[PDB]
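Asks: Just the structure for this:
(6 chains)
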Amino acid sequence: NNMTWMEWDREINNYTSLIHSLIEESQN
Amino acid sequence: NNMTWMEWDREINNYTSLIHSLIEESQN
Amino acid sequence: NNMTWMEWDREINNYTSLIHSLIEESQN
Amino acid sequence: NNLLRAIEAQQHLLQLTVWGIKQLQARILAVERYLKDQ
Amino acid sequence: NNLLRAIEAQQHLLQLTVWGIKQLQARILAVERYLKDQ
Amino acid sequence: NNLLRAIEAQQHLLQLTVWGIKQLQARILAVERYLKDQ
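Replies: Numbering: from 1, shown residues only, chains lettered A, B, ... in the order given. And now the structure:
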């Protein structure tokens, strides 16, 4: 499909940042 | 071991489908 | 950075063992 | 709920890593075959 | 319980991706060495 | 709490697999280019 390695990088980083936030908010 | 790339594909898909179901059922 | 494939192996195994324990303890 | 959202996002991450591994497998196989054919 | 089952299944997925990455690392290393030797 | 700790650890695992995939992508690309140049 439309997936490229630069888009892959972008999406990986976005999901990782969201998960970090969710896990931390849970720490609270 | 016995693992081949076609078996790998199969097992990935099976686990992914199960997780989708579990996450959705939780949405309920 | 400092990451090598042998260190990668080591860290993968350590996290995997910890997760196994956490999931099992939850079974209880 | 944060944990559910975390697992949801992690499943997307896993799917991305699966895509990447499949791409690399096809590419290395193509290279292996090229070298065999040469 | 659904979340526990999800994490269990996701750990299996992760283990599969680790297997795949290890396979690809050995294969690309073999190719790199082949080219060096040639 | 065990589930939170599991997700935390799994995120570290995922990050490691991402590192590995990125390494392999650069290495296979380097090989593909080498063969093209040759």
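
Asks: which residues of chain D fall in strands?
Replies: Under the criterion DSSP state E, chain D carries no strands.

Asks: Pull out the buried residues from stretch D:11-21.
Replies: Using 16 or more other CB atoms under 10 Å in any protein chain shown as the burial criterion, the residues of stretch D:11-21 that qualify are D:11, D:13, D:14, D:15, D:16, D:17, D:18, D:20, D:21. To be clear about C-beta, it is placed using only N, CA and C from the backbone, and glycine gets the same treatment.

Asks: wait, does that stretch contact chain E?
Replies: Yes. Contact of stretch D:11-21 with chain E (CB under 8 Å from any CB of the partner chain) involves D:11, D:14, D:17, D:18, D:21.

Asks: returning to that earlier point: return only those of the buried residues of stretch D:11-21 found close to chain B.
Replies: Applying CB under 8 Å from any CB to these, those adjacent to chain B are D:11, D:14, D:15, D:18.

Asks: show me the residues around the last one that make contact.
Replies: Taking CB atoms under 8 Å, 6 or more residues apart in numbering or on different chains as the definition of contact, the neighbours of residue D:18 are B:12, B:16, E:13, E:17.

Asks: And the second one, its phi and psi?
Replies: Right, residue B:16. Torsion angles at residue B:16 (phi, psi; degrees, to the nearest 10) stand at phi -60, psi -40.

Asks: That one contacts residue E:10, doesn't it?
Replies: No. Residue B:16 lies out of contact with residue E:10 (CB atoms under 8 Å); the separation is 9.4 Å.

Asks: What helix or strand is the residue most central in space within chain A located in?
Replies: For chain A, residue A:15 is the residue whose C-alpha lies nearest the centre (CA atoms, centre = their mean; 1.5 Å). Assigned by DSSP states H and E, residue A:15 belongs to helix A:5-27.

Asks: What count of nearby residues applies to the nearest residue to residue A:25 once chain neighbours are set aside?
Replies: The shortest distance from residue A:25 to any residue other than its chain neighbours is 5.5 Å, reached at residue D:2 (CB to CB, 6 or more residues apart in numbering or on different chains). Close neighbours of residue D:2, defined as other CB atoms under 10 Å in any protein chain shown, add up to 17.
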